[PDB]
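Hydrogens, waters and symmetry mates are skipped; everything else that's a heavy atom, side chains included, is used. Order of listing sets the numbers, starting from 1, for every ligand and every atom in it. Note that the numbering runs from 1 along the sequence shown for the chain.
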Amino acid sequence: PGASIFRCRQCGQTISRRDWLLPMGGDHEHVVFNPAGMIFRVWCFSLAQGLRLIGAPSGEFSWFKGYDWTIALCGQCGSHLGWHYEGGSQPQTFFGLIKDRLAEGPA
Ligand SMILES: O=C1CC[C@H](n2ccc3ccccc32)C(=O)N1
Ligand SMILES: [Zn+2]
């Protein structure tokens, strides 16, 4: 399989797997805008590794009802890869990662 692991596009750090994609609200892809109007194509993952979660969670402008977010950087290079979500149910936690900041390839 050549499409099974997601790595940081900037450095190659191991981040997630196609197996760990999560359909939240019926789709793994969510297109969203931050308060500064920046558009992100976000893929939900049940699980991710190789990140560094920055600060404490915030509910402010959460794209996912009932979840608080933390900034998720690449733990290797510090590139902004997305957010970790916590404090909801089914599931309690998940990752929302910026699709175009990942590279897909072989295990
Ligand atoms: O679910 C989220 C993640 C963080 C994101 N976000 C990105 C910048 C920003 C500044 C203030 C509050 C929120 C912010 C967002 O809009 N929603
Ligand atoms: Zn990186």
Side-chain angles (χ1 to χ4, degrees), residues 1-59 61-64 66-85 87-107:
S4 72
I5 286 179
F6 293 103
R7 297 189 174 279
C8 175
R9 174 180 179 180
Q10 291 312 120
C11 74
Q13 172 92 299
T14 322
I15 301 301
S16 199
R17 302 197 137 237
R18 179 163 282 272
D19 283 342
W20 297 345
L21 276 170
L22 168 67
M24 285 289 290
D27 195 331
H28 73 247
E29 206 170 57
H30 296 252
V31 181
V32 295
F33 297 100
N34 79 6
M38 197 168 341
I39 182 184
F40 303 88
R41 307 191 161 262
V42 167
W43 288 350
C44 295
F45 291 92
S46 292
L47 189 51
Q49 61 183 124
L51 301 160
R52 186 164 74 84
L53 306 182
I54 297 311
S58 171
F61 293 140
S62 179
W63 293 311
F64 299 97
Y67 296 90
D68 308 311
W69 50 266
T70 295
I71 287 164
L73 303 185
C74 176
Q76 181 159 267
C77 76
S79 163
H80 180 212
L81 292 188
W83 306 268
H84 184 245
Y85 288 91
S89 203
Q90 308 184 303
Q92 273 183 309
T93 64
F94 71 96
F95 299 84
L97 301 184
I98 304 158
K99 151 207 95 127
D100 50 290
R101 317 258 260 258
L102 302 175
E104 188 169 21

Subject >> From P35, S62, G59, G96 - option closest to atom 11 (C) of ligand 1 by heavy atom >> reply: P35
Original post:
Between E104 and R18, is there a salt bridge with N-O shorter than 4.0 Å?
Top reply: yes
Original post:
Do any N or O atoms from the side chain of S62 and from the backbone of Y67 form a donor-acceptor pair under 3.5 angstrom?
Top reply: yes
Original post:
Would you find a donor on one side and an acceptor on the other, under 3.5 Å apart, between the side chain of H80 and the backbone of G82?
Top reply: yes
Original post:
Does the separation of the ring centres of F94 and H84 fall below 6.0 angstrom?
Top reply: no
**OP:** Report yes if some N/O of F61 lies less than 3.5 Å from some N/O of ligand 1; otherwise report no.
**Re:** yes
Original post:
For ligand 1, does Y85 get within less than 4.0 Å through its side chain, its backbone, both, or neither, judged by non-hydrogen atoms?
Top reply: side chain
**OP:** Please examine the side chains of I71 and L53, heavy atoms only from C-beta on, and report whether any two atoms are closer than 4.5 Å.
**Re:** no
Original post:
Parallel, tilted or perpendicular: which describes the rings of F40 and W63, with under 30° parallel and over 60° perpendicular?
Top reply: tilted
Original post:
Counting heavy atoms only, which part of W69 comes closer than 4.0 Å to ligand 1: side chain, backbone, both or neither?
Top reply: side chain
Subject >> Donor-acceptor under 3.5 Å (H30 side chain, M24 main chain) >> reply: yes
Original post:
Distance-only, no hydrogens or angles: does the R7 side chain make a donor-acceptor pair with backbone N or O of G12 under 3.5 Å?
Top reply: yes
**OP:** Would you check if the distance from the ring center of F6 to the ring center of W43 is below 6.0 Å?
**Re:** yes
**OP:** Ignoring hydrogens, just give me the one of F64, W63, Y67 whose non-hydrogen atom is nearest atom 16 (O) of ligand 1.
**Re:** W63
Subject >> Under-2.8 Å protein N/O/S neighbours of the Zn ion (ligand 2), ordered by chain then residue number >> reply: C8 SG, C11 SG, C74 SG, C77 SG
Subject >> For ligand 1, the portion of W83 having any non-hydrogen atom under 4.0 Å away >> reply: side chain
